[PDB]
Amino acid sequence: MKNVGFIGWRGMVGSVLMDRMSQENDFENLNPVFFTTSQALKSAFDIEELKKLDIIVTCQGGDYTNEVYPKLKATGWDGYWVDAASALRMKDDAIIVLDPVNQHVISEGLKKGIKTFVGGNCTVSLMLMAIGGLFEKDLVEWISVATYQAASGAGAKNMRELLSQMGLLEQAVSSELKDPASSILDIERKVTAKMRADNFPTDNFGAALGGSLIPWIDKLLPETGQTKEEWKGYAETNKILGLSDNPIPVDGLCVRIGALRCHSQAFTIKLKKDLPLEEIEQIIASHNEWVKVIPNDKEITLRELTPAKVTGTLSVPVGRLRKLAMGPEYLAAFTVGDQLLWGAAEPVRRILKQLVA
């Protein structure tokens, strides 16, 4: 059996991985070695210890990767590096994994001798898992996106801050709310007042999230005006599909909203050919076993297409499908997916399963 070392397995992403791996009994087929950065298991900074492993799975982070990775491969280490961090995604000797979408790219890479595999951007993979079928048929000319991103994508503390913010907003009018005859505008003035108060906790987002939203995620790229988050749309979608030569335009705005762990996305998809809505749906639905097409019905949409429904599950619903007024080659679509699963730990867990097979 393969000797696999794990780093950052105690973090939030790492913990989801450990849990999913237990659930699927992945540990039965490999020999796990756990590392730590603490000086209170092996040291994550001991290159010789890591050098003995066949595979390394890290959820530790980019700083860790940029530090340890170059050293280890510099020793001649011929093993596999499976990383969740973005650090290596855009390396020539690396491949971005999303096997239900790009297995063919993964296989060929393994044969080509690639030894570094990295999970991709959460919003990008959640998009591909949803509308992968369209890409598989080369039916996508371009795609405009508007995202509704969860706090988990920013971190555990960001999630807690969001929750604290929600608490304080309500507390500011807890009694008024109980009084069924109370004034709505007065309640409103008070909650907005607290949202704006000096003691309203916004250290992590740099702005209120609960009761609001933030149309900016990550650093700005002066070159295009996009934020790194929005940039990853074009860059990562194509590297995953292996189309850096004939790049499919993917762009839009990435916005943070008060959700815990599911990212939702509104798509304006330009199809290369006018096809009947029903044929589009069938194509969408048959690409993989997780995507789920939700009928353009109100009650079903309210029960299925929301963070409330998909949180903590591997289901990737896509609905509100219809043609847009701009023309029969313009498709509207809305999807919801869990950020910590297909958006983080799952792709990692699945490339590992293949490597130890």
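Residue numbers run from 1 along the displayed sequence.
Among other deposited entries of this protein with both flanking residues present, at least a third omit coordinates for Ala40. According to the record, 10 or more deposited residues between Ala40 and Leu41 are left without atomic coordinates. Mean CA temperature factor is higher for 277-285 when stretches 97-105 and 277-285 are set side by side in the entry. Stretches 111-119 and 261-269 differ in mean C-alpha B factor, with the higher average recorded for 111-119. The entry lists C-alpha B-factors for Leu352, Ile7, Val4, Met1, and the highest of these is at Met1. The entry assigns its greatest Cα B factor, within the set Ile248, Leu169, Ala130, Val145, to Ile248. The deposited CA B-factor of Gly76 belongs to the highest third of values across its chain.
Placement of the Cα temperature factor of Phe205 within the chain: lowest third of the modelled residues, per the deposited record. When the modelled residues of the chain are ordered by C-alpha B-factor, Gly233 sits in the highest third.
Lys178 sits in the highest third of its chain by CA B factor, as recorded in the PDB entry. Ranked within its chain, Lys309 lands in the lowest third, by CA B factor from the PDB record.
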